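Reminder, nothing fancy here: chain letters follow the sequence lines and each chain counts from 1.
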Amino acid sequence: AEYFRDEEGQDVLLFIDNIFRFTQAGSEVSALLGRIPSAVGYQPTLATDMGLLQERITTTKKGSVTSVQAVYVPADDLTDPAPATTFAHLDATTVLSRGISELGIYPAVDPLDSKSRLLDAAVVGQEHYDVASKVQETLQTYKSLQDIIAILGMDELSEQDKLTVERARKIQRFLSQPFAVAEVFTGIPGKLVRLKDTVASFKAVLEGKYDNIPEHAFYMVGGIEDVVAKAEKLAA
Amino acid sequence: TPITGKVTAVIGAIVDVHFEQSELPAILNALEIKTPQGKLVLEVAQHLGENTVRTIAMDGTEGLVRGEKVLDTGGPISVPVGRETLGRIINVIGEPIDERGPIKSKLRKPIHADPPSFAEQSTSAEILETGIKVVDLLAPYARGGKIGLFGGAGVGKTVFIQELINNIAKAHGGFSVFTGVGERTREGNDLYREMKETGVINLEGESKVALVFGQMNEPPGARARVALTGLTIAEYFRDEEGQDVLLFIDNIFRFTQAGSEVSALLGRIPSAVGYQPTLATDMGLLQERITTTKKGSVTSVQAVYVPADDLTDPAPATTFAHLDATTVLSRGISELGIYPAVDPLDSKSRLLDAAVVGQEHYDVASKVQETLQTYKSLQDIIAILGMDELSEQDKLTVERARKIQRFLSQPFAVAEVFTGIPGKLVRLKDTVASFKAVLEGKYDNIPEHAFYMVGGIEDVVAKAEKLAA
Amino acid sequence: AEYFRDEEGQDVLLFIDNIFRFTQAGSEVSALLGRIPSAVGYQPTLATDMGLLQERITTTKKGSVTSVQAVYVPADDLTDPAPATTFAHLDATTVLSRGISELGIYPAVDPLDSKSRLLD
Amino acid sequence: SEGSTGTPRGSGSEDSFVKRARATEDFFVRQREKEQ
Amino acid sequence: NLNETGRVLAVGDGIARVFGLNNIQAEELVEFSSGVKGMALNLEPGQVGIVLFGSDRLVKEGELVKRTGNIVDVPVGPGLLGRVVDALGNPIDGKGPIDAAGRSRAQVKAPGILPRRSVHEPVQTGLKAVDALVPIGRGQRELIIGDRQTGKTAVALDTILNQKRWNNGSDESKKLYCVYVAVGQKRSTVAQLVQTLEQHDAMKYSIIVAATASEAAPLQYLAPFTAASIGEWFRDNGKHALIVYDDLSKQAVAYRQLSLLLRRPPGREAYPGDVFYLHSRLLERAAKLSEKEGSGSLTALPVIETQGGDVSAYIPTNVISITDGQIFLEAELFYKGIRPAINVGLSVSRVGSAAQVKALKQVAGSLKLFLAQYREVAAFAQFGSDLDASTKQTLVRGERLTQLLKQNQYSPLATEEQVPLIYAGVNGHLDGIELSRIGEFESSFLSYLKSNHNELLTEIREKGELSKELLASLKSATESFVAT
Amino acid sequence: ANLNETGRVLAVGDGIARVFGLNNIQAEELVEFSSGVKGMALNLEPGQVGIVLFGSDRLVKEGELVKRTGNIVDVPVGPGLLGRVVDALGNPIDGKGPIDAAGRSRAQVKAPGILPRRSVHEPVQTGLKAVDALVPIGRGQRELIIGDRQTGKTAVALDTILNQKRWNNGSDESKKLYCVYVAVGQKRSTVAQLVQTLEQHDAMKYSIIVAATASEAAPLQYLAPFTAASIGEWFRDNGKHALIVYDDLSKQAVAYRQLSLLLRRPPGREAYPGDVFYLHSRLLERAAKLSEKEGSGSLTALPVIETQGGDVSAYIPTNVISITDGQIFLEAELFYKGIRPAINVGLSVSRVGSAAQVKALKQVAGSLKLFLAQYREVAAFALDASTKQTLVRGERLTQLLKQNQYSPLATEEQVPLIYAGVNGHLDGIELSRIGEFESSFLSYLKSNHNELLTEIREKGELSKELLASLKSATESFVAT
Amino acid sequence: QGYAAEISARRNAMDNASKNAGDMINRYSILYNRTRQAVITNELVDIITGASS
Ligand SMILES: Nc1ncnc2c1ncn2[C@@H]1O[C@H](COP(=O)(O)OP(=O)(O)O)[C@@H](O)[C@H]1O
Ligand SMILES: Nc1ncnc2c1ncn2[C@@H]1O[C@H](COP(=O)(O)OP(=O)(O)O)[C@@H](O)[C@H]1O
Ligand SMILES: Nc1ncnc2c1ncn2[C@@H]1O[C@H](COP(=O)(O)OP(=O)(O)O)[C@@H](O)[C@H]1O
Ligand SMILES: [Mg+2]
Ligand SMILES: [Mg+2]
Ligand SMILES: [Mg+2]
């Protein structure tokens, strides 16, 4: 990948599945190399070893490298030294969740925990930023209500509270998407949704234009159009 | 003239011995140092190089001097076997400790031996009826099988194994061996007197039981080997006399613990939680001998101590794979006053099987287990919100389960002092019927306390009428 | 402090702020000397280290050294080896609470949480 | 802290309180979707 | 001569330190003059570390050690069928020497990227819950995981029993030869298991490799590897083999033991640094081979034993991340007596419908998410509410589907027996039958289909599919039987 | 330079001296260093001996001479130790000059086997209403005292000791009970004060105090309970009865862990070494009741364990629970509410205790233990009429079983009190007057029914006639 | 009347549920600390064993 970047001047893509297996491999021979172990059975050289690899996967004046790395998280523990030390090397992080996946939401992306350097009004435009931010506020506020619902039930929720719940539930589903490569698992053919579609469709839902459309319409579909089409199909 | 060495190192139980001549004693050989009191026995553990072996002492090493003379006996620690061990009390090296003179047995056998081979196995599915409701119903024991009684400190392992001895050992026909490993000397004193008073031991007559002891006052070498000693006596009854033997051991954990006291002294890098790395194999070499062959049967009941109430502690954890049935005793259950403090979920049997107990039995067990499960699952809500917040279907299940919990408790005969309540021995058939009836709803009008600490369902009805008065 | 007691027969006050740091420094020194750490990472000599200090704080025929000690409680765990060992030496506590003082009471000492073995 | 009682994390990490939050809630959405 | 032979410097705990053996290869078998065998694992400047394949009671300082010239190997071939061996291939059934076609190393590279082809053929377990919800394919690695006594061996054993259908036939491409590896189990557990296989006439197509609880740690470590080589003889010669590793928890513990005693500095939880590799290199040897390479396959059912349902523990988590999904047995379910105790929501087959018999894929369209539609409404009942009569329809169905998926042990079903049952349940033809009679419903319905619609079953059996013609023929035969 | 009997120090550190020489030294032999500090020969290796120091590291240098003593670690023993305070090695530390020893015994002595024993059947009367009635202790028994810091553990032990003055003044040798109190890890001043308290109550003359305090080297603290047991054993072995208090074994375990870690023994559960159970089991096994053939003597042990935050599930607590013959569990919550002794009835048991309770007390206390456990359970959920009465009794009984420190009661004083409570005669009196009741009722009985108390003391058992006479005496006082 | 009886009963139950939760918090705080201590020791023991060899 580095040759393409520097000599061919190229815009390279580097896909790595799975970058954890690099740190793990080092782990496996560390004791026999004569090192005292560090925490959690890891080599003492964990951070610098990872540095010497990650800092090469970058963008120079000669060219560009965009890498997507799968990062295994052992026992779902994001505090495990291996994934933990990885976060600093990433411009954007897509954090999956067993909790999300077990609810049938694929891709199992945690809408709150995932981050990006480029979620910035200066970069995506003040509209985009505002939509994202209020989707995230809606989903956060939802969590706080799910507590009250657990103990007290529905009767202590305001009319806005119940609306927040309803919308967040649609938002969560709307974040699901059939993948082309997941076709064998879904049965459903895969969709690809343009960014502009995404922002527009989510803005519309945040404003209120689909408060009358039931949840199932938002689940496992593409853009806002595929929602209305599914909504009418379930009417019949 | 025999092979002799000199002591070159001593740390606690571990004694290194140098042999000046060409010939080193085999690993597992018994060595002897002459003392003014008698002799200190050493078991060879390793060849260290440069003509030196490492050994494990069978008694205290205070007093040993570097240079002290050591004799090879040419073989492993051996013990008397056969009928002359019955009614006697023997230590780890086969000596009598009952002050009744030599054990005049025809033969002695080494305490180390290979377990029966794959070819020599003989498998079965015969139930052993205990008379204990919770065991007979939910996790029956197997004749010729291995039974483990797990429990933290003070929850009831020894009371339990004593009730099993009381219920099974008299009317067995075959012989018993009891082995005290790393437990209370006083308990041995108790058991000896009790067995005399039931006739099981009979000093001026015929005896049915051999006693072997190496208790918690002993150095680790002796606690590590004394189980092999009691085992060797059982093996002989099994193989040479074709007998159905009972082997009771309290407490087999103490063998593993002993192993861990000497492990660092032996030079081993420690495994998880400070245990010996040989944990599983050491255990396998022991437990695999306690088995049923074509020549004969060995039914084994073993108390298994649980360090700090932690069932994932390596010692009890590794013991599970060796048992056909496992009674797990719970502190949380004992503090509620349920005795035996059996955890109905978590105790298991290979035999809880329609092909073995019949469809009726099997199904009663499943429903009892289902009911108890439902009740456990709701403990969150109950504790926080109260009983008022359950459905009505769920209130009933909790009512019924609380009665089943209590009905599983039982007064033991060996507990009469602790309880002031006469021991009950409930027949398996009556346990099934009694629980079937309770599931069917026939006793929902009976209050809880009437199920507590009684025998069969007749006793429930009886106690209920008494409580009505 | 001891000199004032031994030579001048006084009743001296010794203040230590903070006693935990004495323990913590003992633990660092122990680790650096290559000694195998004990439970929770503390030094194997935890209790004797503490004893070699505390036992000097006492009454003799000439006078007394009495000591008031700031006690930090790691992770608010009173069962932590550091406070647990320290507490074995405490004859009394003076507990100042922020719950108090806000009510305008000074000295802001909780009259129920503060305890003495000498209230006998 | 927010959602610590109510929100569904993994199966095999479930409260009975998580279980009821999803139960009382799923029912509510069902009723409203039925009416609309 | 110190090049080909050596002298024991020290021995204890199943480890021998040996002077000489100058020309020895890493991982070479050695012979001790007393008869015990070992394996050279540490080659150091002045000595060799050897792990014993037996007791060290007979090894002594000064004793002679001889090179064998051979990297640790095992006999392989179809002549091992119906045999019970130890980790090195020595017979332990008492039936004389092993009929060997050849010898393979214990450690063999897994097939590379190229020699493989996507998994597309069924391993039919005969278990309703498994075959319908977590179908396993030829070449797949599927984990079985759960606390002790949750049904793990039972699941694998039924699967072995099921292969009787095709193994009695003559079509070699549908046959599945079975390798059972007992690692750290009691001898009597293994003896009981081979008694069963003999009683169901299943031993003739099974190979049992045993390294039981009393056997030296190196044997317990080695067994799954030599068993793999045994299973690969089938894989490499255009045939198909199933290997059960029962279990890898105990193999990891044995590996730890020998590694500590070789004085290799341990890693996490005193397990060796490369404990993941121990398992990853083993399981990667299960594969569906390409057409060019003969089309053979080895399918692996590794077993992992958890404690108190803790799947997040070190070794369980290692193996979970290796296999192509997991069947997850839960005590809570096994105690109710819903058996097999498969947690549907957590058990996955990463291969999917690609490995499922098409006829079964048809009739069980939604079944898995239908038990996520039912598990949803399971929370509605203790909520106390008595609504959603439309919900009542799915609410009742699921409870009947759950009873349908229950299955006795040693009783696997052919696909032609399963497909009807699943069809009956999914389409709500059971919604009007009493819960306590679903058991008897099954065995009668299949008597009825054998008595009368015998051609219907033969259709599903031979074609492995349901045409629109069959789909209605079955529908008609179903609605028919409902009225007794 | 006789290298057989003598050695040179090679290195010193972490409480350990490596010594060259001492070729004829016995394993576990006491040695003496130049400065006069002592140590124990732990590892005999080739070409060196590892010695554990009974004092500060400062007291030993490389190159210094070391001498054999010829003796496995031992301690003076005998009745001459009565009234004295000694260190872990038996040196007087009270200023009263040399000990008059009957002989010496090794620190480590193996416990008696099955044969020299007999079951326990004689009472150890504590004088605490709650203990004697609920968890009676017998001679030869081991009874754990367990609870958090400041729950009254020492106080239970101390009151039991003070109680022995009742017989120790008499001429009946079989009823006497000599007391050994072992301060391990404690503050020196605390021990000095405790000794003064014993002197004030004239209890010191039948007590021996072995002290290894918080500033003393870990091995001395590890050693004190063993040398103390040997001291107690002299009484046991010579047809007499002793009571030993190990205060406390938590601190002994911590001191033993210090050494183990510094000797580099692998740490296990909670960093303790593998033999930490054996540390305590070898010790507590030495407490025993001996048979007639063996003189009938006994040594009764009251080991003490300090739990952290009520954690009875911890390593050391579970070790000792699985050694002793039961426990008296002392609960902080009860102690805080002024229920003292803070005995948790449901968690406290005395295995071999009933057979060795005074019969009179057994008779008047039927159900008292079960009831109190049930009552607490009821008070926890707490207006059902039946459950209002159970609540009435339990509150009175609870109050009745409270007791000031340093005030043990005779058995003939305890039975009338317990009789009243258990048989309703307090159901009418005000809660705040139960203490006032006790001292008035006893005064009344001591002047009006003195022959009543006398028969109870002398027969230890109540006939139907004597029980009835006691009923009359109670009702008569209740009225007024 | 039935409404004022239901509020009062809910205030009673909510006082209880809150008090019970407090105790649960105390039991789990204590459990947390035992586990905290153990994890530190256990993690360190692994490190020590790796250093010794
Ligand atoms: N079956 C029982 N009935 C009544 N109490 C029991 C029973 N089993 C145990 N106990 C109580 O537990 C105490 C300890 O029992 P024990 O068997 O010695 O425990 P362990 O051997 O597991 O340490 C007994 O003295 C008694 O108080
Ligand atoms: N499907 C089943 N139906 C009924 N009983 C079963 C079933 N599977 C297992 N069992 C019972 O569980 C017992 C132990 O199960 P096993 O498969 O050995 O579990 P594990 O291998 O996880 O220890 C078996 O002896 C059998 O009695
Ligand atoms: N029965 C009692 N009545 C009143 N105070 C008591 C009683 N018993 C003990 N105390 C006081 O309680 C405090 C702690 O008791 P102590 O014996 O030191 O307990 P521990 O040995 O468990 O730390 C001391 O101040 C002691 O004076
Ligand atoms: Mg016991
Ligand atoms: Mg199994
Ligand atoms: Mg105290």
Side-chain angles (χ1 to χ4, degrees), chain B residues 127 129-140 333 336-340 342-345 347 352-354 357-379 382 387-388 390-411 421-469, chain E residues 335-338 381-382 384 399 403 434-440:
Chain B
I127 292 151
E129 210 183 334
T130 68
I132 298 151
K133 284 175 288 169
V134 61
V135 166
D136 288 343
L137 183 58
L138 299 174
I333 299 184
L336 294 174
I338 312 297
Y339 291 103
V342 177
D343 189 336
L345 309 158
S347 359
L352 192 73
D353 184 31
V357 298
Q359 199 75 28
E360 200 178 62
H361 189 148
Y362 183 98
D363 275 306
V364 176
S366 312
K367 283 165 198 156
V368 166
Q369 304 188 309
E370 185 164 347
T371 302
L372 293 167
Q373 190 70 67
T374 301
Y375 180 40
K376 189 167 205 145
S377 297
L378 297 164
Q379 287 289 0
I382 314 266
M387 274 287 279
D388 297 312
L390 298 182
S391 82
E392 288 294 321
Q393 202 197 70
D394 275 5
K395 271 182 196 173
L396 196 53
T397 301
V398 170
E399 270 166 44
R400 223 161 262 175
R402 283 178 60 109
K403 294 179 194 184
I404 290 153
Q405 285 199 337
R406 281 153 184 76
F407 198 24
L408 286 163
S409 88
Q410 187 164 348
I421 308 161
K424 288 281 180 171
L425 194 155
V426 185
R427 291 307 297 252
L428 182 160
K429 269 153 175 170
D430 290 294
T431 303
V432 185
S434 302
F435 270 96
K436 199 183 188 301
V438 170
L439 282 159
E440 288 160 346
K442 307 187 176 182
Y443 300 97
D444 304 331
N445 55 352
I446 303 184
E448 252 167 31
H449 200 282
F451 292 84
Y452 179 60
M453 217 49 61
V454 298
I457 192 74
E458 339 289 7
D459 294 327
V460 182
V461 171
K463 192 178 184 175
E465 294 170 354
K466 163 154 200 176
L467 272 143
Chain E
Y335 271 121
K336 304 186 182 178
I338 104 146
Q382 70 277 36
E399 207 166 319
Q403 191 71 35
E434 200 174 12
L435 211 81
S436 40
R437 270 159 49 84
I438 303 285
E440 77 146 26

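Residues satisfying the ring pair (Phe, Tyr, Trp, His ring centres under 6.0 Å) test with B:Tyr452, not counting sequence neighbours, are B:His449. Contacts of B:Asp459 classified as salt bridge (charged side-chain N to carboxylate O under 4.0 Å, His left out), with partners at least two apart in sequence or in another chain: B:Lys424. With sequence neighbours left out, the side chain to side chain donor-acceptor pair (under 3.5 Å) criterion links B:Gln373 to no other residue. Applying the side chain to side chain contact (heavy atoms under 4.5 Å, CB included) test to B:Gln369 and every residue at least two apart in sequence or in another chain returns B:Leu138, B:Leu345, B:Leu352, E:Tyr335. With sequence neighbours excluded, the residues that form a ring pair (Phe, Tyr, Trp, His ring centres under 6.0 Å) with B:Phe451 are B:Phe407. The salt bridge (charged side-chain N to carboxylate O under 4.0 Å, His left out) search around B:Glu458 returns none, not counting sequence neighbours. Residues satisfying the side chain to side chain contact (heavy atoms under 4.5 Å, CB included) test with B:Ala433, not counting sequence neighbours, are none. Every residue meeting the side chain to side chain contact (heavy atoms under 4.5 Å, CB included) condition with B:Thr397, not counting sequence neighbours, appears here in chain and number order: B:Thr371, B:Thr374. A search for side chain to side chain donor-acceptor pair (under 3.5 Å) contacts involving B:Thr431 returns nothing, not counting sequence neighbours. For B:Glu392, the salt bridge (charged side-chain N to carboxylate O under 4.0 Å, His left out) test picks out B:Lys395, with sequence neighbours left out.
For E:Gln382 (side chain) and B:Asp394 (main-chain N/O), no donor-acceptor pair under 3.5 Å exists by modelled atom type. Remark: the backbone N or O of B:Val134 is not paired with any side-chain donor or acceptor of B:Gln410 at under 3.5 angstrom.
Taking 4.5 Å as the limit, some side-chain heavy atom of B:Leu372 sits within range of a side-chain heavy atom of B:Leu408. Residues B:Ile333 and B:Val342 have side chains not in contact (no heavy-atom distance under 4.5 Å, counting atoms from C-beta outward).
Nearest approach of B:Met453 to B:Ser409, heavy atoms of both residues: N-OG, 2.9 Å. The two residues B:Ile446 and B:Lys403 make their nearest non-hydrogen contact at O-NZ, 2.8 Å. B:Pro411 and B:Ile421 make their closest contact through CB-CG2, 3.9 Å (heavy atoms, listed as atom of the first residue, atom of the second, distance). B:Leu137 approaches B:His361 most closely through the heavy-atom pair O-NE2, 3.0 Å. Closest heavy-atom contact between B:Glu129 and B:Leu428: OE2-N, 2.8 Å.
For the atom pair CG (B:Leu390) and CD1 (B:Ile382), the distance works out to 4.0 Å, reported to the nearest 0.5 Å. With values rounded to the nearest 0.5 angstrom, B:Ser366 atom OG is found 8.5 Å from B:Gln359 atom CD.
B:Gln393 CD: 12 or fewer foreign heavy atoms inside a 6.0 Å radius.
Applying the salt bridge (charged side-chain N to carboxylate O under 4.0 Å, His left out) test to pairs two or more places apart or on separate chains, those with a residue in residues 433-456 of chain B are B:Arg400-B:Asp444, B:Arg402-B:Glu448, B:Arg406-B:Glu448, B:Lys436-B:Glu440, B:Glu440-B:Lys442. Within the structure, salt bridge (charged side-chain N to carboxylate O under 4.0 Å, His left out) pairs that include any residue of residues 365-378 of chain B do not occur (at least two apart or interchain).
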